Each structure stands twice: as structure tokens, then as C-alpha cells.
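Structure, as C-alpha cells:
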Number of protein chains: 2
Amino acid sequence: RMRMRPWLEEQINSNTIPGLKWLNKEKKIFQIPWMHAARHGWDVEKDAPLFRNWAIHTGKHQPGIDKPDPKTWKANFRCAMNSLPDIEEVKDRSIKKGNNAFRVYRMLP
Amino acid sequence: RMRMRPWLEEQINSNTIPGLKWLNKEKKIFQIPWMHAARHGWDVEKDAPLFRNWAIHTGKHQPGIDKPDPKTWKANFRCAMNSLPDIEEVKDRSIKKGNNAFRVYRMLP
DNA sequence: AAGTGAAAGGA
DNA sequence: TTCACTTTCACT
Ligand SMILES: [K+]
Ligand SMILES: [K+]
């Protein structure tokens, strides 16, 4: 029932997602790990936990019952992020290419 | 105004809606064409006539006056179907994906 | 973009 | 729950 933004803040603040941290907590600028699933070094446990968590949280994935679908978890998460009116991407800082790729977002006050 | 259940029965019986037919008339089980409007092959006259009629019936669309809005017609129809007490969806046969997407419902006795 | 469940929402 | 759907919201 918890909407994406407050849920996301809780995810960042919990430090339980590798790579998910605030770049500037004050201005609410944070970064999300965004490594390509085709790139060597990618691992479901290291790179998709945040996407999986959103899927579990929204009933789209039931651990043990549903077959892991990282591609959909990521696409669903991105689309949901795109639709949020209070969170926008800071593209000049994002680097969604190469190893340890990531995206930077700022939560609108 | 005629309610949705007897209205729907009339539509199915009129044999004027492409694809809208009883799969088992005695048990009141029928199928409604449910092709995704973005899929290639979708045409308003072929895939959205039923949704359009519910829109016209309920004052939500005046041909010639209102600009066609198949997206809303479908959403309105589905939401009205979801609320109906005596009409349930047979999920086990509602092949929603593919070339010929459809939904199966059953009017409860 | 088209689609959806859930739940707030004229006669 | 006035009733029988209808519209808005937040996200395949
Ligand atoms: K956004
Ligand atoms: K129903």
C-alpha cells in the first residue's frame, strides 16, 4: 500500500540495497545502481535486489512461487519511476553505461 | 436505464458485435473480444464496438459530438464489470494475449 | 501509449 | 451501507 516514493526513501535509508545511497541527503539527491544485465559482473543478488523488492512489494513477484524475472522487475521499476511527479532524473550526473553503472535522481520538495 | 447485465445479454443475443458470443448459452458463459488497442490488427469498429455501446448507453459518448475515446470506453466497461455482483470472469480460459485476445465471463444464476 | 485494480467518487 | 456503476490514482 505504501507508494513508491516513501517506499524508496525507506529503501535508501535502510542501506540494504548495494549501491542505493544518497549523494546529498539534504537536497534529496540519490543514486540507483543501474548495471546492464548483459554485462559481465552482473548478478541478480547484487544488481536487482531493489527491482525485486518493488516487485514483491507490489505483488508482482512471490519468492519461490514466481520464476525470477529481473528484466521485468527493472522495466516495471523504471516506468514507475518515470511516472512519479516528485522524483526526476538528473541526467547530467547519471552514467548508465559501463561497469557499476548508475542513475542519479532528485526528490522534488 | 437498462442495467449492465440484461444490457449485455441483449448485446450478445443481437449477434451484431464481432466475437461476442456465448460459449455455453445454457450456463450463460460467454466471451468478449479483448484485443490490446496497441497491437497490430486492432481497429475500433472490430474490437471496440461493445465498449462503445456501453459508453453510448451510459451517456459517456455521443457519436459525432464527442471525439472517440476507445481507451476510456474499455476502462469504464471493465470497471463496471468488476463491480457487477452476478457476472464473474472465468480466468482459466480468458486468453488475454496473442492474435485473438478475449475474456470469458459467466452470468451467475 | 494502452491497460488495470482498488477505492474515492448522478439520480 | 441509497443505488449501480464511474472516475481518479498510481502505477504492461
Ligand atoms: K519521474
Ligand atoms: K464481477
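Just so we're on the same page: letters track the sequence lines, and every chain starts at 1.
No contact: B:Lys96 has no heavy atom under 4.0 Å from any strand. If you check every strand for non-hydrogen atoms under 4.0 Å, B:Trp54 touches sugar and phosphate atoms only. Within the nucleic acid shown, B:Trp34 comes within 4.0 Å of sugar-phosphate atoms alone, with no base atom in reach, counting heavy atoms only.
Summarising the geometry, atom CG belonging to A:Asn99 is positioned 4.0 Å from atom CE belonging to A:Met35; distances are rounded to the nearest 0.5 Å.
Set against C:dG3, D:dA10, C:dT4, the side chain of B:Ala37 has C:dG3 as its closest nucleotide. In this structure, the nucleotide among D:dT6, D:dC5, C:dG3 sitting nearest to the side chain of B:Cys79 is D:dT6.
Regarding B:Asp47, its CG atom lies at a distance of 10 Å from the P atom of C:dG3, rounded to whole Å. Rounded to an integer number of Å, the gap from CZ of B:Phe77 to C1' of D:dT7 is 17 Å. Taking atom CE of residue B:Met4 and atom P of nucleotide D:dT6, one finds them 7 Å apart after rounding to whole Å. To the nearest angstrom, P of D:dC11 lies 20 Å from NZ of A:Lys74. When the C1' atom of D:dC11 is taken as reference, atom NE2 of A:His61 falls 19 Å away, rounded to whole Å. Atom P of nucleotide C:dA1 and atom CG of B:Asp69 are separated by 13 Å, given to the nearest angstrom. Rounded to whole Å, atom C1' of C:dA7 lies 13 Å from atom CZ of B:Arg78. In this structure, the CG atom of B:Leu8 is 13 Å from the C1' atom of D:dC5, given to the nearest Å.
Base-pairing analysis of DNA chain C finds the following stems of at least three consecutive Watson-Crick or G-U pairs, with both pairing distances under 3.5 Å: C:3-9 with D:5-11.
Between B:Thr58 and D:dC5, a side-chain N or O to OP1/OP2 separation shorter than 4.0 Å is absent. The side chain of B:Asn76 contributes no N or O atom lying less than 4.0 Å from OP1 or OP2 of D:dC5. At the phosphate of D:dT12, neither OP1 nor OP2 sits under 4.0 Å from any side-chain N or O atom of B:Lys97. Taking side-chain N and O atoms only, B:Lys71 has no distance below 4.0 Å to OP1 or OP2 of C:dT4.
Separation of the P atoms belonging to D:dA4 and D:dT8 is 22 Å when rounded to the nearest angstrom. Here, C:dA7 and D:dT1 have their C1' atoms 15 Å apart, quoted to the whole Å.
Sequence order on DNA chain D of the closest nucleotides to B:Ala80 and A:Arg5 puts B:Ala80 first from the 5' end.
Of all non-hydrogen atoms in A:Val44 and A:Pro70, the two that sit nearest each other are CG2-CG, 4.1 Å.
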**Request:** Quick one: do A:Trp22 and A:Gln31 satisfy side chain to side chain contact (heavy atoms under 4.5 Å, CB included)? Show the steps, please.
**Result:** CA-CA 6 Å; A:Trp22 297 108; A:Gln31 74 166 48; over 6 Å; no

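Contact check on A:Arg52 versus A:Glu45 returns a salt bridge, with a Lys/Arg side-chain nitrogen under 4.0 Å from an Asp/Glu carboxylate oxygen.
Under the rule for a ring-ring contact (aromatic ring centres under 6.0 Å, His included), the partners of B:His57 that lie at least two apart in sequence or sit in another chain are B:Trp7, B:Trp54.
Looking at A:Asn53 and A:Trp73, their side chains never bring a donor and an acceptor atom within 3.5 Å of each other.
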Indicate every side-chain donor-acceptor pair of residues 83-93 of chain B with a distance under 3.5 Å to a residue at least two apart or in another chain.
| residue | atom | partner | partner atom | Å |
| --- | --- | --- | --- | --- |
| B:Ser83 | OG | B:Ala80 | O | 3.0 |
| B:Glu89 | OE1 | B:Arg103 | NH2 | 3.3 |
| B:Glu89 | OE2 | B:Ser94 | OG | 3.1 |

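For the pair A:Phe51/A:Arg78, no side-chain contact is recorded, criterion being any heavy-atom separation below 4.5 Å from C-beta on.
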